[PDB]
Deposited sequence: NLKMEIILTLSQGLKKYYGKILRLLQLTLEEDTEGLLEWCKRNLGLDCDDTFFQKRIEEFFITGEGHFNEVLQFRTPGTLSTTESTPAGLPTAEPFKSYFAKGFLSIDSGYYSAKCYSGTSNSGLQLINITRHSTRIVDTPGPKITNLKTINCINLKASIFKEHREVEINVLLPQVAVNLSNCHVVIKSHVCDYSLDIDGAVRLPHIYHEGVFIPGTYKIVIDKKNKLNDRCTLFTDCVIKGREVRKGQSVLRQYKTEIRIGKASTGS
């Protein structure tokens, strides 16, 4: 019978958080339950973790310890606003609900009807983005670009990109193709960040061919009845 050390089980504890946040698809949790009984006197089950996540991001209000509890190895707690949720295999710098001005998550359990599709150019220039769901800022003196995503419920897919996601929920690196993963928090429904920032460094020649695929959302007023309308088309935005 092999038991985890304090730091070993903590990484797996964070590994479980990352998996539940949906920032990772893999975990190592062999030995985590015994490590919670011994070091926390608790059952480390899925219910426990979703409330740790719920409290840390939305609901908790005092100071928190490294294991995301609010007011033995972890009876000490932090005044600063973040924990480094670091499993060893992956890490994310996550800010507590306490540290922000209000709530910077949005509820995506809500129904909204599908933004109707309407034709548009397959390739969109980075410097003339007409979609409302993201906004680009270019820093030629640092040869960096930042893409602000204003509608995170609308997918942004990365291809051959190597970026840093910045947001008021968590900050983390992404290194693989596909839809940008975001922290998912359950609180009478599923919440994701209300806005996030994709930071792309051109000094790193490894994203020489970084390109973004997204649903370009167009906001309009239909002239006949005077009401606001939303439409979308698939488009690619090339960087570098």
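Missing from the model, by position in the deposited sequence, are residues 1-4, 76-93, 263-268.
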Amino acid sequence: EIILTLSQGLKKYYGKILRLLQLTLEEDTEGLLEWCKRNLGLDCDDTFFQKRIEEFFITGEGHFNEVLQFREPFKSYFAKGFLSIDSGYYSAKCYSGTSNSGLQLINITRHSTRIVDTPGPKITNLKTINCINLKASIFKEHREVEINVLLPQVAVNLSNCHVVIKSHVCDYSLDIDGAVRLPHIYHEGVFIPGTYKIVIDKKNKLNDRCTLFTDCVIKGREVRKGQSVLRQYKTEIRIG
From here on, numbers count along this sequence of modelled residues.
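The stretch 108-116 shows the higher mean C-alpha B-factor when 108-116 is compared against 131-139 in the entry. 28-36 and 57-65 differ in mean CA B-factor, and the higher of the two is recorded for 57-65.
The residue among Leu182, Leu206, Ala179, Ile185 whose C-alpha carries the highest B-factor in the deposited model is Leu206.
The maximum CA B-factor among the listed residues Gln153, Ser91, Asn148, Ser76, taken from the PDB record, is found at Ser76. Looking at the C-alpha B-factors along this chain, the one for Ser87 belongs to the lowest third. Ranked by C-alpha B-factor against the other modelled residues of its chain, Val217 falls in the middle third.
Among all modelled residues in its chain, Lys51 ranks in the middle third by Cα B-factor. Annotation for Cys170: C-alpha temperature factor in the lowest third relative to the rest of the modelled chain, per the entry.
Ranked by Cα temperature factor within the chain, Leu4 sits in the lowest third according to the deposited record.
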